[PDB]
Structures are given as structure tokens and as C-alpha cells.
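The structure appears right after this line, and notes come after that.
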Amino acid sequence: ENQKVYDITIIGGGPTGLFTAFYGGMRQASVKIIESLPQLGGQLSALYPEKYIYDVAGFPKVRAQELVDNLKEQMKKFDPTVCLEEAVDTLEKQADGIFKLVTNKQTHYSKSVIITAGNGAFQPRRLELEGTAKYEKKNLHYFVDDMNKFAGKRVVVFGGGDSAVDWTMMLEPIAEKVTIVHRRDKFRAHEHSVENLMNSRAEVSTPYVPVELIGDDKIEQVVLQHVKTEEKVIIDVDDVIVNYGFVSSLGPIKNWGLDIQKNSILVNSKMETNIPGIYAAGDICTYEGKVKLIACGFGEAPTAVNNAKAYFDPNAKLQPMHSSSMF
Amino acid sequence: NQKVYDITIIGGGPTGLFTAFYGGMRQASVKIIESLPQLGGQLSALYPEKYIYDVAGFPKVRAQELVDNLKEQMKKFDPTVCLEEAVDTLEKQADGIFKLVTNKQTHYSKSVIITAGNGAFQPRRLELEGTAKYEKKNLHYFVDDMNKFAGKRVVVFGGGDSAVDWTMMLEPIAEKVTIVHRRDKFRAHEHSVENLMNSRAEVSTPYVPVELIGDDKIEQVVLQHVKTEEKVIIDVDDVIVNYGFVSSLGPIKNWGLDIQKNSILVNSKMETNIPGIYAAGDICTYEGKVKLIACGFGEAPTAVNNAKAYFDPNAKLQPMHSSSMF
Ligand SMILES: Cc1cc2nc3c(=O)[nH]c(=O)nc-3n(C[C@H](O)[C@H](O)[C@H](O)COP(=O)(O)OP(=O)(O)OC[C@H]3O[C@@H](n4cnc5c(N)ncnc54)[C@H](O)[C@@H]3O)c2cc1C
Ligand SMILES: Cc1cc2nc3c(=O)[nH]c(=O)nc-3n(C[C@H](O)[C@H](O)[C@H](O)COP(=O)(O)OP(=O)(O)OC[C@H]3O[C@@H](n4cnc5c(N)ncnc54)[C@H](O)[C@@H]3O)c2cc1C
Ligand code: NA
Ligand code: NA
């Protein structure tokens, strides 16, 4: 890329966007996936990677994350450009019909856009304390990418979920001290992971809620409050890590000039929105009879690709070659 | 039965199989009616050995193995499967129930989802003027149990992989088996042809059958060399044709449906022009429609859920997550 006009840009790397990316390869289009999170997989990877799915055609029983791995494998053949940690904010048609898409990182350009944004861009749930916002460019963390930057550091983890415990286990042998804070004594996690949390050098502050962060520019202390007694505890830290889960909402998608009803983008049977060049597929799209199912999003995706391919490549046919004759 | 089913499915291809599974997920009584004595549609009939690359979640899957997965997925709710039946008439009766007549029996249904592809599959027929009268006897297009040919004299017509395969299966079973093809080069796997030559199988090449002889059962077969036009005659107990499969819409065009270029026109609820009748898969069309197995997989639950809302108005269009049905 740089300055490069792609053919098909996909907003959303959930399962629908992954299969959209694959089928863009089947039609020889230059393909981009733009995804809000630093991982692909949408609801499947973020909100339930361990559940079994029973209604994808041809899988009597498949685990959610292994379906996403299958999908990433299937597309690996045409190597689409994946742009993680980017949330599309503005989307406009410029004077010559090309789309300009602006994220928090950069500008992208595209001949057609297939929005597969599901229930909207995923963000980690924000910490609800009025001071916090100023710390995000410093030592308040919602992701634990490069874990070794916490070697010999004092670190606190807010959250009582399965994901929160696991990040604690990962940090206890890395950090000088690690502490986990949750408002009830029962953690919402696996018995073996709680047992391993209990039996380690990680301090477990329950039933408390954080009530204050102290620091001029970097966080330096955290104030906790017992939920029953109202007594307080103070902790010195080098880094604070929030893990309250994920949230999603349409957000800026409602400012792109699209026809939207009950948080769904309206499409016709070509997966076309009201703006020539823009398509939608998967949980975010709707039409008469639409059913929010993964098998249905997998059918909408090649319809959108094949119709978009006919929109930007006037010398191409709507029907693709049999895949059994291409490899 | 006399039983009026909720969902009767015409066609046991990949689309119909998944349609049937999803009818179980919505707790409708479900029947599949299929022409062949096997499920799998185009996948099982026409290319059961090729690899498919563009079904979601399978980077590379063998066509017959995808069909086996689908049948596995379907056994969970045990739909009533009716093989070797081709639906010939389809009528809405006075009370709104659908009557379907096959070559075997009559069926009734509240709703019908046509997943018929390019039409009913039949074996490509032997093109000779007598023939048809022998089909109730010893002219064979299907072989359930190969051991019914033990110690019999058998001739096999065909030059394809399946013809060679049925011949190799008969070689230790039959007193004598002969295979007939109009060219010397068989259109079959080079290695399997080698086994044929090095076996007790007689290879009558390059010949064409030109006459079947017999009062009621076939008793002899007359062959003709393709270059010299000399003739050979062979005594037989059974004749087995293996020329492949053929398909056409046939009676589907006599059901009052809106049809365009061999496709049933549907809207986005998979509805045809007749309330109570739906279509999904290769046989249905609409603006932007693409003939792909994944698209048939997405059209299938659309048709089920919209049909569930049609025949059970006190039930919801959207079902909860699949993780709570197991
Ligand atoms: C607990 C649970 C169980 C479920 N079980 C089943 C089941 O058994 N069967 C079934 O069929 N369905 C099931 N579903 C629903 C299924 O997950 C959805 O049908 C499917 O995940 C939607 O896929 P998608 O790609 O359309 O959307 P998503 O999975 O939501 O992916 C959209 C992606 O786009 C990203 N994104 C959005 N906006 C932007 C933006 N502006 N810029 C960049 N990225 C953006 C999001 O962060 C996300 O990663 C379940 C859902 C849940 C929550
Ligand atoms: C060689 C070849 C390779 C292909 N490769 C691919 C590929 O890689 N990817 C892809 O997506 N698609 C591929 N396709 C297309 C794919 O096979 C079709 O999309 C798919 O088979 C459609 O499934 P279906 O169940 O809708 O129809 P079908 O598979 O045609 O099944 C319809 C069934 O209905 C039965 N039937 C019809 N009429 C009646 C009746 N009146 N009564 C009773 N039974 C009836 C038939 O006997 C048949 O079993 C290929 C097709 C061919 C021929
Ligand atoms: Na401990
Ligand atoms: Na079918």
C-alpha cells in the first residue's frame, strides 16, 4: 500500500469478513481487511473462543476459535493485507468515485467497500473513573501485547473475568508484584485457573472496587474500597491493567450516509447499500427475511464480493469458476 | 404415511441436507425426498472425489467427505429420508396443505422447500430402441449388492472410472464379466486400467452395443467394432449400464412456479410466487444470485425460518444460539 487504491476493502475481521477476504482472492481482487481489535475473529475470538458452534454447514461440532483458524487458513492463500488495531471513523466517496477511509492510524483508499462490522467496532470496556482518560498514552493498559515490558514492575489488574485471571498468571513470574481486583470473592473463571491464582505470588484483593488513581502524569498509586465495610486500601504500582471485557457499538458507522435500521445496514439482494460501491454482509446487514446466523453471513459474503467485482471490473462475469477446477 | 409434515424438502443435495438439519434446529417435522438411491446431489453424483476450496471453514475438503459431514450433522434430528423418489406433481389442496406425488407414493406437507439444483438425477439411459422393457428385469443402472452377480455372466457398458470400478468389483464375483467402450484408451485412472488388463476381465474395445436379444430377460448382446464394423455376439445373464448421470428440470416446470432460465425465482425470504413453497440452492435465482454451495448454505436457513413463521405463526422468525440445542 501507501497511496494504493485497493479493489475491495473489508471493514471488520469477523468470520464474515474473513470469508469475504478469501472470496475477494478467488476473484483476483486486491483485498484489505481493516479490524478494530488487534486480533481477527470478531465475536468468535473476542466474546466466546471456547464455545462449540453447531450450525455452520458441514461441521456437526466446531469450536469457535478453531472455525476462525480454519477461516484464516482458507484465506492465507491469497495473502490479503490485514490492518489490525484500526477502527474506520470516516468513509466518503471522493470526486472520481474512489472511497477514502480514515482510521485512528491512517488513510486508506478503495474502489468498493464491503462493511462486515457485525454489532460494531470492538473496544475493551473503559474504566469508569472520572480521572482515568489522561493516562491511556502512559501506563494505563487495556492490552498485554509485549508482556516483557512488565519485567520487575509493580502491576495491578482490574477485573474478575476469565480473561483477567489469565493475564495475571502470565504476569506473576514477570512482574515484581502483580495484584488482581474484583468486587466479589468468587472469580468468574475455571477452577484450575483460580486454584493456580490462589497458590501463586499474586495478591487477590476482593471484594473491592477501584475508586481512585493517583499520579501527576504516570499512575503511581491505586486506591481501593471494600464493598461491604467501605474501608480503603492503597497500592503502589508502576502499571495498571484493565480487563472488564469488550464492548461494541455502531458508533461512527451511523455517520457514513448509509440507510440504517435498528443498528443494521439495509441491503438489497446484491448486498448493495444505498451508496453505489458500498456493500454489507453478516450480522450488520439486514433485509426482508434476514436471519442473524453465521451460515447466512457466509452466503452473503461471496454474493457481495461477486456483485462488487461486477461493479468495479466491467469486464467480469457475476458467476465465478468452480473452485474444484482452480487448484 | 397419512402424516402431514411441516417441511418437505425436494432434493437431497448439499443445500437440501443442511435445510433438513436446520429444520430440526427449529423443531419442525422434516422430510427429504430424493430421486437417486443416495444423498449428495451434484457432489456425490458428478464429482465425489474432487476437492472443494470455497466452502466457509474448509480450506480443502473432498466433495464426498463434505457430504458425509452434512449427513452426520443431519442425523441429530433424524429427518424422514425418502430415496429413489422423484416428485412429479405438487399441488396446494383446498385447505392449504401440499400434496406431492412421486413414482412411489403420495406425501403431504404444510410447506415445501425446493432444493432441486438442475433437476432430478437419473442414470444416462442406454440409447437403443428396445431396452426400456428390460429395466424391470436384468438391465441394471444401479448396484446395491454386488454379490447378486455371483457366478453369473455379466456385461458392463462404459468407459469411465465408475465403469472400470464396477468391473474390478465383479471380476472375483462373476463367472465372467466383460466391459465395453468405444475407444481403446479408457477415460479412467491410469493405474486402475492396469489392474483391469491384468485381471480375468474381458475388455471388448473399441465396440458399441447395437442390439439386446431376449424374450423377456436379456440373454444376448450384439456388439459392433467401431472401425471395421464387424460384429460380436456375447451370451449374458445381466447387463449393467454405467454411462454417468443426467439431469433436467422435468416436472418442476409444471408446478405453476415463476421460472426463469431453468431457475425458480425467489425473493429475499426465499419465497416463490406460491405461498408455502420456497427454493434454495442452485435452482433458485434473484438479482445478484451466485451458484455456489456456500450461498446455498446461507439460503437454506433463510428458507426454513421464514417457512417456520409461515406455518407456525405463534413461533419466532429468529432462533437462539446453536450452543443451547445440545
Ligand atoms: C455468545 C454467542 C454465541 C453465538 N452462537 C452462535 C451460533 O451458535 N451460531 C451462529 O450462527 N451464530 C452465533 N452467534 C452469532 C455469530 O457470532 C454472528 O452471527 C457472527 O459472529 C457475526 O459475524 P460478523 O463477521 O458479521 O460480525 P462480527 O463477529 O461482529 O465481526 C465484526 C468485526 O468488525 C469489527 N469492526 C466493526 N466496526 C469496525 C470499524 N469501524 N473499523 C474496524 N473494525 C470494525 C469488529 O471489532 C469485529 O471484529 C453467537 C453470538 C454470541 C455473542
Ligand atoms: C463438476 C462440478 C464442480 C463444482 N465445484 C464447485 C465448487 O468448487 N464450489 C461450489 O460452490 N460449487 C461447485 N459446484 C456447484 C455445486 O455442486 C452446486 O452449487 C451444488 O451442488 C448445489 O447444491 P443443491 O443441493 O442446490 O443442488 P444439487 O447438488 O443439484 O442437488 C439437487 C438434488 O435434488 C434431486 N432432485 C431434483 N429434482 C428432484 C425431484 N423432482 N424429485 C426428487 N429429487 C429431485 C437431485 O437428484 C439432486 O440430488 C460444482 C458443480 C459441478 C458440476
Ligand atoms: Na498465593
Ligand atoms: Na438439495
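With the requirement that a residue be of a type outside the set (S, T, N, Q), assigned to a loop (DSSP other than H, G, I, E, B), facing chain A (nearest Cβ under 10 Å) and in contact (Cβ under 8 Å) with a residue 12 or more places away in the chain, what does segment B:294-326 give you?
B:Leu317, B:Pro319, B:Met325 - these are the residues of segment B:294-326 that are of a type outside the set (S, T, N, Q), assigned to a loop (DSSP other than H, G, I, E, B), facing chain A (nearest Cβ under 10 Å) and in contact (Cβ under 8 Å) with a residue 12 or more places away in the chain.
Picking from A:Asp89, A:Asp55, which residue would you name as being within 27 Å of A:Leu266 (Cβ to Cβ) and within 14 Å of another protein chain (Cβ to nearest Cβ)?
Result: A:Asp55 is the single residue among A:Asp89, A:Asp55 that is within 27 Å of A:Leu266 (Cβ to Cβ) and within 14 Å of another protein chain (Cβ to nearest Cβ).
Restricted to segment A:58-75, and to residues that are in contact (Cβ under 8 Å) with a residue 24 or more places away in the chain and within 17 Å of the chain's Cα centre (by Cα), which residue is farthest from the other protein chains (Cβ to nearest Cβ)?
A:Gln65
Restricting the search to segment B:76-117, which residues are in contact (Cβ under 8 Å) with a residue 24 or more places away in the chain, touching a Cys at 6+ places or on another chain (Cβ under 9 Å) and away from ligand 4 (no atom under 16 Å from the Cβ)?
The answer is B:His107, and nothing else.
Of the numbered conditions (1) surrounded by fewer than 24 Cβ atoms within 10 Å (Cβ to Cβ); (2) facing chain B (nearest Cβ under 10 Å), A:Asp7 satisfies every one except a single condition; which is it?
Here A:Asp7 clears every test but (2).
Return the residue satisfying two criteria in turn: it lies in segment A:269-293 and is at the interface with chain B (Cβ under 7 Å from one of its Cβ atoms) and more than 17 Å from A:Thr20 (Cα to Cα), and of such residues it is surrounded by the most Cβ atoms within 10 Å (Cβ to Cβ).
A:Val291
Right, A:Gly289: part of a loop (DSSP other than H, G, I, E, B) and over 27 Å from the mean Cα position of the chain (by Cα) or not?
Spelling it out, A:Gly289 is indeed part of a loop (DSSP other than H, G, I, E, B) and over 27 Å from the mean Cα position of the chain (by Cα).
Would you check if B:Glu34 is away from ligand 1 (no atom under 16 Å from the Cβ) and closer than 30 Å to A:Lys76 by Cα?
no
Go through B:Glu49, B:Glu84 for me and flag whichever is more than 16 Å from ligand 3 (Cβ to nearest atom), more than 13 Å from chain A (Cβ to nearest Cβ) and of a type in the set (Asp, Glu).
Of the residues listed, the single one that is more than 16 Å from ligand 3 (Cβ to nearest atom), more than 13 Å from chain A (Cβ to nearest Cβ) and of a type in the set (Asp, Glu) is B:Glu84.
Residues are listed down the side, and each one gets a yes or a no for (1) among the β-branched types (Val, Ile, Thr); (2) within 16 Å of ligand 1 (Cβ to nearest atom); (3) within 21 Å of A:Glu220 (Cβ to Cβ):
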| residue | (1), (2), (3) |
| --- | --- |
| A:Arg154 | no, no, yes |
| A:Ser163 | no, yes, no |
| A:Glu176 | no, no, yes |
| A:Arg183 | no, no, no |
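When segment B:8-27 is examined, which residues are found to be in a loop (DSSP other than H, G, I, E, B), more than 30 Å from A:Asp69 (Cβ to Cβ) and more than 9 Å from ligand 4 (Cβ to nearest atom)?
B:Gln27
Can you spot a residue in segment A:224-240 that is in a loop (DSSP other than H, G, I, E, B), within 30 Å of A:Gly42 (Cα to Cα) and in contact (Cβ under 8 Å) with a residue 24 or more places away in the chain?
Checked segment A:224-240: no residue is in a loop (DSSP other than H, G, I, E, B), within 30 Å of A:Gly42 (Cα to Cα) and in contact (Cβ under 8 Å) with a residue 24 or more places away in the chain.
A:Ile265 fails exactly one of the following numbered conditions: (1) within 12 Å of chain B (Cβ to nearest Cβ); (2) in a strand (DSSP E or B). What is the number of that condition?
Unmet condition: (1).
Here's the yes/no breakdown for (1) more than 14 Å from chain B (Cβ to nearest Cβ); (2) charged (D, E, K, R); (3) away from ligand 3 (no atom under 16 Å from the Cβ); (4) touching a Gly at 6+ places or on another chain (Cβ under 6 Å):
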site: A:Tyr135; (1), (2), (3), (4): yes, no, yes, no
site: A:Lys153; (1), (2), (3), (4): yes, yes, yes, no
site: A:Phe158; (1), (2), (3), (4): yes, no, yes, no
site: A:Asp162; (1), (2), (3), (4): yes, yes, yes, no
site: A:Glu195; (1), (2), (3), (4): yes, yes, no, no
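Give A:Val68, A:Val56 a once-over and let me know the one that is assigned by CATH to the domain that holds A:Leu266 and more than 16 Å from ligand 2 (Cβ to nearest atom).
Criteria check complete, one pass: A:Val68.
Only residues that are more than 10 Å from the chain's Cα centre (by Cα) and under 17 Å from A:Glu86 (Cα atoms): list them for segment A:119-129, please.
A:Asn119, A:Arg125
Run B:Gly23 past the list (1) more than 16 Å from ligand 1 (Cβ to nearest atom); (2) more than 11 Å from every other protein chain (Cβ to nearest Cβ); (3) touching a residue at least 40 places away in the same chain (Cβ under 8 Å) and report the number of the one that doesn't hold.
(1)
Return the pair list, or none, for Cβ contacts closer than 9 Å from residues in segment A:198-209 that are more than 16 Å from A:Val233 (Cα to Cα) to residues that are more than 16 Å from ligand 4 (Cβ to nearest atom) and among the polar types (S, T, N, Q), at least 6 apart or on different chains.
Listed by first residue and then by second, the contacts come to A:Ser200/A:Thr168; A:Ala202/A:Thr168; A:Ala202/A:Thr179.
Would you point out which residue out of A:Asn243, A:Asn255 is surrounded by fewer than 17 Cβ atoms within 10 Å (Cβ to Cβ), polar (S, T, N, Q) and either under 21 Å from the mean Cα position of the chain (by Cα) or assigned by CATH to the domain that holds A:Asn307 (or both)?
Going through A:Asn243, A:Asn255 in turn, the sole match is A:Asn255.
So is B:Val30 more than 19 Å from B:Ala303 (Cα to Cα) and within 16 Å of ligand 4 (Cβ to nearest atom) or not?
For B:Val30, the condition - more than 19 Å from B:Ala303 (Cα to Cα) and within 16 Å of ligand 4 (Cβ to nearest atom) - is not met.
Out of (1) within 8 Å of chain A (Cβ to nearest Cβ); (2) more than 16 Å from B:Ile114 (Cβ to Cβ), what's the single condition that is false for B:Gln38?
Exception for B:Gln38: condition (1).
Heads up, the Cβs are rebuilt from the backbone with ideal geometry, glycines too, and the neighbour counts pull from every protein chain shown. All of this is worked out from the model, or read from it or from the source named; none is laboratory data.
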